[PDB]
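Take a look at the structure below.
Each answer follows from the model by the rule given with it, or from the source it names; these are not laboratory values. Cβ: placed from backbone, ideal geometry, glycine included. Neighbour counts: every protein chain shown.
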Amino acid sequence: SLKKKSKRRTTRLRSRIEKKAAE
Amino acid sequence: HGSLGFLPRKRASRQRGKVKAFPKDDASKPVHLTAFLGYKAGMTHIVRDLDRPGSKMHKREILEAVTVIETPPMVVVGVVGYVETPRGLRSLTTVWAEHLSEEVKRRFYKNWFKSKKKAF
Amino acid sequence: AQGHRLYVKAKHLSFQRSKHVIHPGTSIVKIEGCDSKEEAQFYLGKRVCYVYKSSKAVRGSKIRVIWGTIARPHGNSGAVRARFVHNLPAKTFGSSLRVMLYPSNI
Amino acid sequence: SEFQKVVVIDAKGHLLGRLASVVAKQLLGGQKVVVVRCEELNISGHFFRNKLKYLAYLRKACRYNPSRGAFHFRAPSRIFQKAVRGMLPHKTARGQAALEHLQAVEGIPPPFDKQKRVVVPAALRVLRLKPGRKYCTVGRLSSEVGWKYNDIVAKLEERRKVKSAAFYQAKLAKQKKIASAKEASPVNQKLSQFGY
Amino acid sequence: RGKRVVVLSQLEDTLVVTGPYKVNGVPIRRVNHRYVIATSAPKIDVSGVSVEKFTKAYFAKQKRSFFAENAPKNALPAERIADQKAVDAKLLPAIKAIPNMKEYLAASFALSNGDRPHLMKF
Amino acid sequence: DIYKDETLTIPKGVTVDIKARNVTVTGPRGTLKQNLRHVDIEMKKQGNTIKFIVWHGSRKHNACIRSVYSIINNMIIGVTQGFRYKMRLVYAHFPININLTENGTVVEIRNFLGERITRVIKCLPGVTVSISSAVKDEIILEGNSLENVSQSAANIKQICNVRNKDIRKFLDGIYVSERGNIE
Amino acid sequence: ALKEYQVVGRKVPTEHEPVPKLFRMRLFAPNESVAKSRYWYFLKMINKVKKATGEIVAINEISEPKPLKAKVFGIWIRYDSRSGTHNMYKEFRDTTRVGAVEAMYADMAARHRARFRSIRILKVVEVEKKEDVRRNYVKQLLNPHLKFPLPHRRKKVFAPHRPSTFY
Amino acid sequence: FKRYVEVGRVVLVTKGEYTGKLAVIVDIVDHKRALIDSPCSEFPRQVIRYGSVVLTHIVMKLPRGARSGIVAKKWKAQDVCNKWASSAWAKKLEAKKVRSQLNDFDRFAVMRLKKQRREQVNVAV
RNA sequence: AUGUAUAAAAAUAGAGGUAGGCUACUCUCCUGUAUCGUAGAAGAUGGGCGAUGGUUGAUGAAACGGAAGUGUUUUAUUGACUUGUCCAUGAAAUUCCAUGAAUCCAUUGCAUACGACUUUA
RNA sequence: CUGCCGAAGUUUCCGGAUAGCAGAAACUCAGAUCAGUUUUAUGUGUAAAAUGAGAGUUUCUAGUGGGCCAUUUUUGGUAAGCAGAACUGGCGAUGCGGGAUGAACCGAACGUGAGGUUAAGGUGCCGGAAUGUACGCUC
């Protein structure tokens, strides 16, 4: 992070990001 | 609770209050001492004139409780040299006086009576 | 005093491994002075040994040795793979090995 | 290429990450490393950026007994040792052994001021950082976070420079004498065909 | 090991080699060709010394069927010293004529700090 | 660009040496030293001309050439002519009392707006403070370093700041009136 | 490394067109198979000539006629972006037309994050006169008095002495 | 500065199959490339990158884009050969090369040489 | 451990000199693939020739080193070795790799849940 | 205890009979037929060359009759989600390399070992492997 927030994301969060990118 | 700057609230590891900071050294000032050791005897109350400008009891008298500490003259039995190092102050060496009174020799022994009095 | 050491010095770096699996049979050896796989082709086939000491005086000697043979280069930086008669213990990671100059072809 | 029993590294002008990665590999290789002048190390990025980094590192602390949290060390040697340690398998016996084979010190103590101090070309700032780019120094960073021995180390290093320079003058004068007597002998030029 | 030796001839597998015994005390011995570094030092005459006498059977050990016994006094036979002395007599003029070879053969080779065999030319 | 250069001609100032990026300019008035280690610019000295050269530099670094050229010119002006700042005291009711100590290197100001606080301001090195006789309530700041003189003037003005009052009506303060060379 | 290829092809002869026109292109590809594939894709996208109904009559690699002479090349390109519609002209100074194409691909991929497929070469010409040379850096390379210090000078770890890193 | 990338500068090739050779920048291509040639027949005229060469201090007059023969003619006329060797840098490089090609017997003679040279260690008191 | 051999400093868009009067000279850099050291039954026995040096062991020292000085010199001896240049003997059958105080028991109360702590003896 | 063979994972009709997948027994078939395949021809369907494989039936007897995830088409869409089909896949019966860790992501499918070489992913250090090469961008 170092900023305020973790760059690394939750695995279910990544997948739904992929889903949101698809639709 | 109280202030968090005084925790952990545990017993002091020394009967005698150890100095943790001395006044800063100055080459302009000539050579003198900064600390002394005394024994608490109690306190009394005294009447003292109040020469406090701007106060409402100026040029008057008040009663103050004042602690009396007996301070018999202290005997210098040695000297310790401290050298500044990148890891702080370090005791380079210690030089003691030739003759030490039994009062200070008793410090080095838990049982001075049973001891052979072999200190120094 | 410096009329000896007919051997090249080397260090037992680690085993031949993947990220999660070790193969203790073959060990990675860093021969010093060697800097490339082309340089490691000179040391192929040489005799590398591991000299250590034990408490007992077997054969009236405090020092035992595990022999070994340089097999092939390992990477672009000049390390080599060595096969010892007894696979080296895991405690020798970073220890010193002696690479003799024989069997020589020079 | 080669090793010695003990390697003394003059960390002036080196980069924290580049030097630590080279040092960590040498420790796992089995060599003993002594990194002197740790307060003269450099870090990429300007001073304010690095200060915020460490400050944010200070924020890492438990609610329960901050004495059980991460112990923040302010000394430049302790900063460098932390960088090295994270590059080692410190949770295993092999990692613990490698750490004990390293000694990072501020300045140059007397046992190491009379020994040759090598440098790492792969970690030097002048070769690794593009000119004009902002870089900080661990000595200034440490002294601002809470290190309280910057002045004395500066004074002690000044004395070391003076004493060492006088030694070099004596050795240079001796080297001038041996250089003059070098070509004086005709045998040097007799069969110098071997390049010596 | 580390002794500089002169090669007399090639046997079926080994090299029958001996340094001048008066120089470095290396008798006529078979040495496997994989355990020898052939230096590029100037050649010396070997055609002048008889070598057909040295055979595999000649160097062979006796049967097995004591350390004060054997020894290079009792088990070192007289004629063996005769070939050895003859070999030195036939080789000494060559190493005398060419400079530094007697000094070179007396010295023993050994690696030093910073010496890399894969770069050093022998 | 491959080449970006600024050329400066030197006056009769004695030394303009830039050894180790440290400009140490010695002139008739005195000697000023400044460090230009924060700029990666070649400082070529040939005869009476100095070239500030940057090769393959970005715009941010290229802007440093002119800035370096000006500050070197400014300090060269200092060692030759010097800098002088004239400031006029402004007071409506309470006259501003100004006294000079250590030949003016420190100025302590009293009786400002009726305040009993004695504001003591020390000038930067290379600057001296004098009270002009030709003009009343006039303070003259002369020296070699233009930045030091201007910073001293700014410090004096900033200290004598009217607070919590209407600026439109309250005009008391000390302000810069004239900036230039000694001659 | 890329290789310049001269590619000539035509549709299969048929009673409708017994003598089809021979279309020739100069296009750059690592090998012949890539060059023919790019040729057929270009022919389909320009003249609507099907790959299936066509065939390749001649393929020849082209070497630089004067590879030892410094030259300046101007290249027209139709780059594809988020909108998929762009056209630029760039100038490169080097000693081989292949080198200029190599430099152009690296430049476009470095700046605009382009790819080989997003890039189509439109025209490559050799600008020989300083008058037609447009770009400032090219002009400052063709200046008669070009001279500048060398930039970015930059196993055997543990060097005993500090680097000179200068002359 | 003492070294500048300019037409007519002699350079030393450091990386590649021509390591240790002497070349002269006949023409300059751009900030990252240069065209060089050498009088020696074993060194062909070619384009090299600046990382492969080190700029030598010797600069000789040369018209831009000169052909190989005229470059050799100018090289012979200005005597660049043995002018590089006059420098102490070249002597060290050649001495290093000679030391590299030494064999074991030559190294033994060197030890006797320096042992006899070390024999004196005589200085005035 | 197998030579466990190497102490200027700073800069890198620069330094160091030499030779000069902070300024005029020219040279050097461009890594240590350097320098020191290295022949001798792990190193035998003598003889010359030529240095008049080098390497040390044991004493006796005085000067220096405080950052972790635990080491630097100068030496006055004494005992060795010397390969600096030449000689003469010896090796081997190991006949083809293996190496005085403190505590308890007592005493105190400045302390105390129990230990601990401050005393005394 | 070891070895071998090895599914269904759901239609179609009223808990089932059926079919399908897996086996057994007994038959005939090699100038013969097949095929999760492609061409050719006739108008997507029909018919006859390529390639692979020995190809067929009859009896009878076990187990299965779920779901999950994803692609594509499409039906509406809706604050925005999504909802409805079809489609073949992947899981399901299955370990292994990589993705820091993982039911669904990239490779790969398994007797016990030696050697060699790779996939996916990687080569600053933890960590096996270039602090490689060349050209740019970025503070």
Which listed residue, of H:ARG9, H:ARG33, is surrounded by 15 or more Cβ atoms within 10 Å (Cβ to Cβ), within 9 Å of chain G (Cβ to nearest Cβ) and either at positive phi or under 13 Å from the mean Cα position of the chain (by Cα) (or both): H:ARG9
Residue that is farthest from D:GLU157 (Cα to Cα) [pool: residues in region B:65-108 that are assigned to a loop (DSSP other than H, G, I, E, B) and over 22 Å from the mean Cα position of the chain (by Cα)]: B:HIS99
Residue satisfying all of: in region E:21-34; within 14 Å of chain C (Cβ to nearest Cβ) and more than 6 Å from RNA strand I (Cβ to nearest atom); surrounded by the most Cβ atoms within 10 Å (Cβ to Cβ) among these: E:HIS33
Unique match (being away from RNA strand J (no atom under 16 Å from the Cβ), out of contact with any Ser or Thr (no Cβ under 9 Å at 6 or more places or on another chain) and small (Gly, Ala, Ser)) among H:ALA88, H:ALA95: H:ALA88
Residues (near RNA strand I (Cβ under 6 Å from one of its atoms) and buried (at least 21 other Cβ atoms within 10 Å of the Cβ)) located in region D:107-120: D:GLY107, D:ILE108
Within region D:171-196, tally of residues that are within 21 Å of H:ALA95 (Cα to Cα) and away from RNA strand I (no atom under 11 Å from the Cβ): 8
Residues (within 18 Å of G:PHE148 (Cβ to Cβ), away from RNA strand J (no atom under 16 Å from the Cβ) and away from every other protein chain (no Cβ under 11 Å)) located in region H:36-73: H:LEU62
Single residue of C:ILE22, C:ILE28 found to be within 13 Å of the chain's Cα centre (by Cα) and away from RNA strand I (no atom under 16 Å from the Cβ): C:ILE28
Test result for B:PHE108, more than 14 Å from chain D (Cβ to nearest Cβ), at positive phi, surrounded by 11 or more Cβ atoms within 10 Å (Cβ to Cβ) and among the hydrophobic types (A, V, I, L, M, F, W, C): no
Hits in region B:72-93 - residues which are away from RNA strand I (no atom under 12 Å from the Cβ) and loosely packed, with under 10 Cβ neighbours inside 10 Å: B:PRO72, B:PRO73, B:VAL76
Close pairs from region D:103-126: first over 22 Å from D:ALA75 (Cα atoms), partner within 6 Å of RNA strand I (Cβ to nearest atom), Cβ under 6 Å, at least 6 apart: D:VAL118/G:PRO160; D:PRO121/G:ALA159; D:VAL126/G:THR165
Residue among D:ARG37, D:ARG49, D:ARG18 that alone is of a type in the set (D, E, K, R), in the same structural domain as D:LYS134 (by CATH), within 14 Å of RNA strand J (Cβ to nearest atom) and within 18 Å of D:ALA123 (Cα to Cα): D:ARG18
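Given the options C:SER95, C:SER61, C:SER14, name the one that is under 24 Å from D:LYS32 (Cα atoms) and within 16 Å of RNA strand I (Cβ to nearest atom).
Details: C:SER61 fails: under 24 Å from D:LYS32 (Cα atoms); C:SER14 fails: within 16 Å of RNA strand I (Cβ to nearest atom).
Criteria check complete, one pass: C:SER95.
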Residues of region D:76-106 that turn out to be loosely packed, with under 15 Cβ neighbours inside 10 Å and among the polar types (S, T, N, Q), as a count: 2
Verdict on F:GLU142 being within 20 Å of F:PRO95 (Cβ to Cβ), buried (at least 16 other Cβ atoms within 10 Å of the Cβ) and touching a strand residue (DSSP E or B) at 6+ places or on another chain (Cβ under 9 Å): no
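For (1) over 19 Å from F:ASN103 (Cα atoms); (2) in a loop (DSSP other than H, G, I, E, B), each residue gets a yes or a no:
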site: F:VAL120; (1), (2): no, no
site: F:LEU124; (1), (2): no, yes
site: F:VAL149; (1), (2): no, no
site: F:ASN155; (1), (2): no, no
site: F:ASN161; (1), (2): yes, yes
site: F:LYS165; (1), (2): yes, yes
site: F:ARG168; (1), (2): yes, yes
site: F:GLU178; (1), (2): yes, no
Some residue of region E:54-65 being of a type in the set (A, V, I, L, M) and more than 14 Å from chain C (Cβ to nearest Cβ): yes
Selection from region D:8-63 of residues that are at positive phi and aromatic (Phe, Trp, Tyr): none
Yes/no for C:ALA10 being within 11 Å of another protein chain (Cβ to nearest Cβ), not β-branched (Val, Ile, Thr) and not in a strand (DSSP E or B): no
Selection count where residues are in contact with a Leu (Cβ under 7 Å, 6 or more places away or on another chain) and more than 16 Å from RNA strand J (Cβ to nearest atom), scope region D:86-110: 1
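Could we say that E:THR18 is surrounded by 12 or more Cβ atoms within 10 Å (Cβ to Cβ), under 26 Å from C:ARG5 (Cβ atoms), away from every other protein chain (no Cβ under 14 Å) and touching a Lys or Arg at 6+ places or on another chain (Cβ under 8 Å) here?
yes
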So F:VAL79, is it under 24 Å from F:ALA153 (Cβ atoms) and surrounded by 15 or more Cβ atoms within 10 Å (Cβ to Cβ): yes
Looking only at region C:16-32, and only at residues there that are surrounded by 18 or more Cβ atoms within 10 Å (Cβ to Cβ) and in contact with a helix residue (DSSP H, G or I) (Cβ under 8 Å, 6 or more places away or on another chain), the one that is nearest to the other protein chains (Cβ to nearest Cβ): C:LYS30
Selected residue (criterion: nearest to the other protein chains (Cβ to nearest Cβ)) from residues of region C:33-47 that are within 18 Å of C:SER95 (Cα to Cα) and within 16 Å of RNA strand J (Cβ to nearest atom): C:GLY33
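Conditions (1) more than 30 Å from D:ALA154 (Cβ to Cβ); (2) away from chain D (no Cβ under 14 Å), marked per residue:
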{"position": "B:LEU50", "(1), (2)": "yes, yes"}
{"position": "B:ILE62", "(1), (2)": "yes, yes"}
{"position": "B:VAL80", "(1), (2)": "no, yes"}
{"position": "B:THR85", "(1), (2)": "no, no"}
{"position": "B:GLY88", "(1), (2)": "no, no"}
{"position": "B:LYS114", "(1), (2)": "yes, yes"}
{"position": "B:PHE120", "(1), (2)": "yes, yes"}
Test result for B:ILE46, surrounded by 10 or more Cβ atoms within 10 Å (Cβ to Cβ) and under 23 Å from the mean Cα position of the chain (by Cα): no
